[PDB]
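Structure assessment
Next come the chains, spelled out residue by residue.
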Amino acid sequence: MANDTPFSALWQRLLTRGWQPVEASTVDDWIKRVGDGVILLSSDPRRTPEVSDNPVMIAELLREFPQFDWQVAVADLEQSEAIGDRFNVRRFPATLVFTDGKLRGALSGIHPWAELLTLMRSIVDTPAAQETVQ
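Counting starts from 1 on each chain and goes along its sequence as written, which need not follow the entry numbering; residues with no coordinates are hidden. Hydrogens and waters are ignored; side-chain quantities use all the structure's heavy atoms.

Moving on, we get to the overall build of the protein chain. Going along the chain from the N terminus, every DSSP run of H or I of four or more residues is numbered as a helix, and every run of E of two or more is numbered as a strand. Looking only at helices and strands, one finds 5 helices and 5 strands in the protein chain. Computed over C-alpha atoms, the radius of gyration of the protein chain comes to 15 Å, within 12% of the 14 Å expected from 2.2 N^0.38 for 134 residues, which places it in the range of a compact globule. The dimensions of the protein chain, computed from C-alpha atoms along their principal axes, are 40 × 35 × 30 Å. Three labels apply to residues, based on accessible area from a 1.4 Å probe with only protein chains included: buried if under 20% of the type maximum, exposed if over 50%, partly exposed otherwise in between. Split into buried and exposed, the 134 residues of the protein chain put 32% on the buried side. Contact between two residues is taken to exist if any of their heavy atoms lie within 4.5 Å; hydrogens are not considered. Contacts in the protein chain between residues far apart in sequence, at least 24 positions, make up 64% of those at least 6 positions apart. In short, Shrake-Rupley with a 1.4 Å probe defines the accessible areas, and a residue's cover is counted only from the protein chains shown. Carbon and sulfur atoms provide 50% of the accessible area of the protein chain, an area that totals close to 9900 Å². Neither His nor the chain ends is counted toward charge; the positive residues are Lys and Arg and the negative residues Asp and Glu. Charged groups are reduced to one reference atom each: NZ for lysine, CZ for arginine, CG for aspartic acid, CD for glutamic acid. Where the 13 positive side-chain charges of the protein chain centre and where its 19 negative ones centre are 4 Å apart. Put simply, the radius of gyration uses C-alpha atoms, and a globule should come to 2.2 Å times the residue count raised to 0.38.

The next thing to look at is helix α3 (residues 56–64). What sets the pattern is the α-helix's 3.6 residues per turn: residues three or four places apart point alike. Residues of α3 that are buried: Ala 59, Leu 61 and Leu 62. Relative to the axis of α3, the buried residues are bounded by an arc of 160° and lie together on one face. Set apart from the buried face of α3 by more than 90 degrees, the exposed residues are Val 56, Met 57 and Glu 64. Buried residues along α3 sit against β1 (19–21), β3 (71–74) and α5 (114–123). The directions from the helix axis to the C-beta atoms are what the arc is built from.

Take the sheet that holds strand β2 (residues 36–40) next. Being paired, for any two strands, means DSSP has found at least two bridges between them. Pairing is mixed in the open sheet, where 5 strands are placed in the order β1-β3-β2-β4-β5. The sheet is open, and its two edges are formed by β1 and β5 (102–107), each paired on a single side. For this sheet, the mean angle separating the axes of adjacent strands, direction not counted, is 25°. For β1 and β3, the ladder comprises 3 bridges, and the chain directions are parallel. Across the sheet, residue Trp 19 finds its bridge partner in β3, namely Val 72. Helix axes are fitted only over the stretch in contact, all axes being lines through C-alpha atoms; the angle between N-to-C directions runs from 0 to 180 degrees.

With phi around 60°, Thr 5 is a residue other than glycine that occupies positive phi space. Within the secondary structure layout, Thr 5 lies in the segment before α1 (9–15). Using a relative accessible area of 27% as the deciding quantity, one classes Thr 5 as partly exposed. Residues other than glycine seldom take positive phi values, yet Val 133 does so here, at roughly 50°. The residue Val 133 is located in the segment after α5 in this model. On the basis of relative accessible area, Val 133 is assigned to the exposed category, the value being 75%.

This is the structure in structure tokens:
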């Protein structure tokens, strides 16, 4: 069933649910339109040759989040610079959290999952998840 296929075709099928490639000069209206979601910046030079980090974790989190039904807007590649510059975050691959239609925080991905508990708690006081506690 299915096959490998290094990226490319997978982008279309993931686009079918939750993921959408967004932009900078029109991000304001997107955030305004939905009022609930995140913008994922393309992976800035993180060093370490080869070994592309899989963004599937974001898709994983998306469904594993029982708090609210937010949407994952992702930047293709060049878009990251404009988006990250717009609010001064471009430096490392991160996801900006837009709650209530406003930017409040961002997920950096420096401390695996542990920062999800601490950072999101500050962004969305509403109880999100119950496990791990790290």
